[PDB]
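So the structure is just underneath, and the comments pick up after that.
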Amino acid sequence: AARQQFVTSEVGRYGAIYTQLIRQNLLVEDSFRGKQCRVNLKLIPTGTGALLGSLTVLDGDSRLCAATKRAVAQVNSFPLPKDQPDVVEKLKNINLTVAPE
Numbered sequence: 069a070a071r072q073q074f075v076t077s078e079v080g081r082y083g084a085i086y087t088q089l090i091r092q093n094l095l096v097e098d099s100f101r102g103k104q105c106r107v108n109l110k111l112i113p114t115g116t117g118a119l120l121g122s123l124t125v126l127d128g129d130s131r132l133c134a135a136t137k138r139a140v141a142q143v144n145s146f147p148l149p150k151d152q153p154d155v156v157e158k159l160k161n162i163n164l165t166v167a168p169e
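Sequential numbering of the sequence shown, starting at 69, is according to the working numbering.
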């Protein structure tokens, strides 16, 4: 695991538990790609997964930040693979940030 850099592989899970629950409400994709967007989820803890406490839009092409926001306001809960009060405090405050590559 090496422990010097591997947080870059954990962020590929930690923020994915949110983004994968969002896009599974609105399976659109084609108007979410090709442009860019950056928004920010701040969740509260709960026994089935985190819950929407606040959503900050920072920028994007409006067709994504308006759509995600409505999904995050209606999701059941975001299931995290961990359970430690150290890392429960990291996954609760993500930025969903997307662009071409």
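Backbone N, C-alpha and C fix where the C-beta goes; we use that ideal spot for every residue, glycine too.
Q. With a CB to CB cut of under 7 Å and the five nearest residues on each side skipped, what residues in its chain are close to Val140?
A. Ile90, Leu109, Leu120 and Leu123
**Q.** Pick from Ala118, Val125 and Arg131 that is closest to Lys150, judged by C-alpha positions
**A.** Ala118
Q | Cβ distance (whole Å) where residue 50 is taken to contact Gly102 below 8 Å | A | Absent from the structure is residue 50, since the part of the chain shown begins at 69 and ends at 169.
Q: Check whether the Cβ atoms of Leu95 and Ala135 lie closer than 8 Å to each other.
A: no
**Q.** Opening and closing residue of the beta strand (DSSP E) in which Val96 lies
**A.** Unbroken run through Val96: none, as it is neither H nor E.
(Q) Can you look up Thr124 in the DSSP assignment and give me helix, strand or coil? (A) strand
Q. Helix or strand or just coil, what does DSSP make of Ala118?
A. strand
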